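For reference, the structure is listed below as structure tokens.
Here Cβ is always computed from backbone atoms with ideal geometry, including for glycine, and neighbour counts include all displayed protein chains. Numbers and lists here come from the model and the stated rules, or from a named source; these are not laboratory values.
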Amino acid sequence: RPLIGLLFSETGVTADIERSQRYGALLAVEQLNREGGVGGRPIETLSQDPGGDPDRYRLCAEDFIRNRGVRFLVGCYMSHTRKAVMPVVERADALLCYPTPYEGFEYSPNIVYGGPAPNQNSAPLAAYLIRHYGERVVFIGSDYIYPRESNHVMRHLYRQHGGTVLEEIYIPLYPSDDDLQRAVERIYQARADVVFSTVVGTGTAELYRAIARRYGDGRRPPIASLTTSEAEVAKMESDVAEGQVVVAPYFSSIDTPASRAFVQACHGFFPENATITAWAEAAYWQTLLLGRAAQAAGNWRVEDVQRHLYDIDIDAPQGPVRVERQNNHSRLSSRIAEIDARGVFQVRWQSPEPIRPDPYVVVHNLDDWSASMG
Amino acid sequence: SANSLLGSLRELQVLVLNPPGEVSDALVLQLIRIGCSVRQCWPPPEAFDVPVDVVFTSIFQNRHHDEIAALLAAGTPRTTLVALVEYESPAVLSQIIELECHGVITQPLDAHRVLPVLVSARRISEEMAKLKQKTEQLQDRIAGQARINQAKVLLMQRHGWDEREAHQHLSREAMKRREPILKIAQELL
């Protein structure tokens, strides 16, 4: 049975981006079913809502693999939700596509990483920030492993290039009102040139609004984020969102027919409460790759499908992508964008070509990015 | 050092800053028996001319007091000072205190009083000069230590280095540019 299990929250702290991933994956299934399904048989999907809880992700993965015969999964966002599912898929010899940016330092034979490792997003973003913004920075992130690992690198990068990391603040994943106010007051008391955010999900919008109001509605330090997506920026007033900085392989404003085709496809298929994001883009291309690899194999056997996966370079909405057989990570484009006054993402820099993944690199050499940014 | 102090008395250059007369004479004769190089001078000059290690003078109620005072105020601090005193009353004693003698000899002087006073006063002035020298060394040291420590924190934090690494780097550059560790540290700061 060509059945893809979709493990994306519907509820919880990251519900917006993960609903976005779910529809991107569903969009692909639909397109694959118009291309002949898998050997005449239509591709089916099964969805469960783990609600951002790592233990519920594990339980949903276990239900799918144990009781539904699922061997192909698309899902997970926050890194600890990936860690909770990983062992289940590896013991069942299943294949999980993770269309999410992450901290790196992982190799799983059963995981196809469709989102960037730090050499593909944080590094270029660090080079950019040190290049254009003042060197006194203040960090604010949600309290879980990804923002913490992401801050661990950024802290070291700024100190190496003559910067000062004034405050490094963490707030809980569903941050109370007091949490935000205390955090914003510290940000306001540090007088930073830039705010580097790693806050993820619900509370992102409120955070950016509180920074906004707090400041004397005047030439605040800009917010540069590794995590904020289009789903968070749509919840922001025009003036709050304006001038904020964001990084991703894809932005709905990209100027290509491939990007245009994806926007249109998403607009006529996604619900009202599901914004297009870079992670919907990644769920789409990965789910699409799965289907074509299966079509080329003629079956739905992980071993057969998987073999055909490393050989199919796809034409994704972001540009051309492929999965490297050596590390299960992908060759991804990387864009840095500044939000204009009408809430639109203006790409300010792009890597000249897709960046090859190197999840374990410890020393990020920022000189790599001198030519293309200055 | 009691031994080296005693052994170096014959190299001391002693000046008897006192009017010509019996007192000066007897004092110069006893300093020559002890073996010091001894000169006698009078009226007090404005600067010495030749290096002087120990001055013997009397207490005058007139302008030689101020002359002598100024003469030794401007002089080498290691110059030992011994006053010949004949009164125990407050203005005379205040003069001794204000001159900051390292030793006194009450009059009438006789040969037996000289050597014990010259030695105890010389120990005293040398110990004072040493404590002052240690004070400057320690002041410089506290300041130095601070900049070596702030520079080390700087390297640590810049590079993601531990204390030992920061120390190895300072030492290496320092001992490759033939300069003090402190100069490297201050360059960084």
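Specify the residue that is farthest from the chain's Cα centre (by Cα); the eligible residues are those in the stretch A:125-149 that are of a type in the set (F, W, Y) and within 22 Å of A:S333 (Cα to Cα).
A:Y128
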| field | Test: A:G203 is in the same structural domain as A:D178 (by CATH), over 20 Å from A:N121 (Cβ atoms) and buried (at least 21 other Cβ atoms within 10 Å of the Cβ) | value | yes
| Whichever residue in the stretch B:153-187 is in a loop (DSSP other than H, G, I, E, B) and among the acidic types (D, E) and, among such residues, is nearest to A:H161 (Cα to Cα) | B:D162
| So which of B:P20, B:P51, B:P45 ends up being without any contact (Cβ under 8 Å) to a residue 24 or more places away in the chain and part of a loop (DSSP other than H, G, I, E, B)? | B:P20
| request: Take the stretch A:45-81 and flag every residue that is assigned to a helix (DSSP H, G or I), more than 23 Å from the chain's Cα centre (by Cα) and of a type in the set (G, A, S). | output: none
| message | Residues that are surrounded by 11 or more Cβ atoms within 10 Å (Cβ to Cβ), within 14 Å of another protein chain (Cβ to nearest Cβ) and over 14 Å from B:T57 (Cβ atoms): does the stretch B:112-135 have at least one? | response | no
| Residue match in the stretch B:93-102 (condition: farther than 30 Å from B:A70 by Cα and more than 14 Å from chain A (Cβ to nearest Cβ)) | no
| remark: For the stretch B:102-152 the number of residues that are of a type outside the set (S, T, Y) and part of a strand (DSSP E or B) is 3
| From the options A:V363, A:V344, residue that is on the phi < 0 side of the Ramachandran plot and free of Cβ contacts under 8 Å to residues at least 12 places away in the same chain | A:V363
| remark: Counted residues in the stretch A:200-224 being part of a loop (DSSP other than H, G, I, E, B) and under 19 Å from A:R136 (Cα atoms) come to 6
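Which ones in the stretch A:34-54 are in contact with a strand residue (DSSP E or B) (Cβ under 6 Å, 6 or more places away or on another chain) and not aliphatic (A, V, I, L, M)?
A:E44, A:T45, A:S47 - these are the residues of the stretch A:34-54 that are in contact with a strand residue (DSSP E or B) (Cβ under 6 Å, 6 or more places away or on another chain) and not aliphatic (A, V, I, L, M).
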| query | So how many residues does the stretch B:3-37 have that are in contact with a strand residue (DSSP E or B) (Cβ under 7 Å, 6 or more places away or on another chain) and polar (S, T, N, Q)? | reply | 4
| request: Look at B:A143 and say whether it is within 30 Å of A:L157 (Cβ to Cβ) and away from chain A (no Cβ under 14 Å). | output: no
| Residue check: is A:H152 under 21 Å from A:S334 (Cβ atoms), within 14 Å of another protein chain (Cβ to nearest Cβ), touching a residue at least 60 places away in the same chain (Cβ under 8 Å) and surrounded by fewer than 17 Cβ atoms within 10 Å (Cβ to Cβ)? | no
| note | For B:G160, the lone unmet condition from (1) within 14 Å of chain A (Cβ to nearest Cβ); (2) of a type in the set (G, A, S); (3) in contact (Cβ under 8 Å) with a residue 12 or more places away in the chain is (3)
| remark: All conditions in (1) under 24 Å from A:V233 (Cβ atoms); (2) in contact with a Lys or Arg (Cβ under 7 Å, 6 or more places away or on another chain) are true of A:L46 except (1)
| task | With the checklist (1) assigned to a loop (DSSP other than H, G, I, E, B); (2) among the small types (G, A, S); (3) without any contact (Cβ under 8 Å) to a residue 40 or more places away in the chain in hand, flag the one item A:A84 doesn't pass. | result | (1)
| message | I'm told B:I184 meets every condition in (1) free of Cβ contacts under 8 Å to residues at least 40 places away in the same chain; (2) touching a strand residue (DSSP E or B) at 6+ places or on another chain (Cβ under 8 Å) except one. Can you identify the failing condition by its number? | response | (2)
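Within the stretch B:147-160, is there a residue that is within 30 Å of B:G35 (Cβ to Cβ) and among the β-branched types (V, I, T)?
no
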| query | How many of the residues in the stretch A:155-192 are in contact (Cβ under 8 Å) with a residue 60 or more places away in the chain and within 14 Å of another protein chain (Cβ to nearest Cβ)? | reply | 2
| query | In the stretch A:195-241, what residues are among the acidic types (D, E) and within 21 Å of the chain's Cα centre (by Cα)? | reply | A:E206, A:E230, A:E232
| message | Take A:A282 and tell me if it is of a type in the set (G, A, S) and either surrounded by fewer than 24 Cβ atoms within 10 Å (Cβ to Cβ) or within 14 Å of A:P249 (Cα to Cα) (or both). | response | yes
| Filter result (closer than 28 Å to A:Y102 by Cβ and either of a type in the set (K, R) or in a loop (DSSP other than H, G, I, E, B) (or both)) within the stretch A:172-192 | A:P172, A:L173, A:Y174, A:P175, A:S176, A:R186, A:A192
| task | Having 1 or more residues that are touching an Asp or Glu at 6+ places or on another chain (Cβ under 9 Å) and assigned by CATH to the domain that holds A:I43 is the bar; report the strands (runs of 3 or more DSSP E) wholly within the stretch A:262-368 that clear it. | result | A:314-316, A:319-323
| task | Please state which of the following conditions A:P109 fails to meet, knowing it meets all the rest: (1) buried (at least 21 other Cβ atoms within 10 Å of the Cβ); (2) away from every other protein chain (no Cβ under 14 Å). | result | (1)
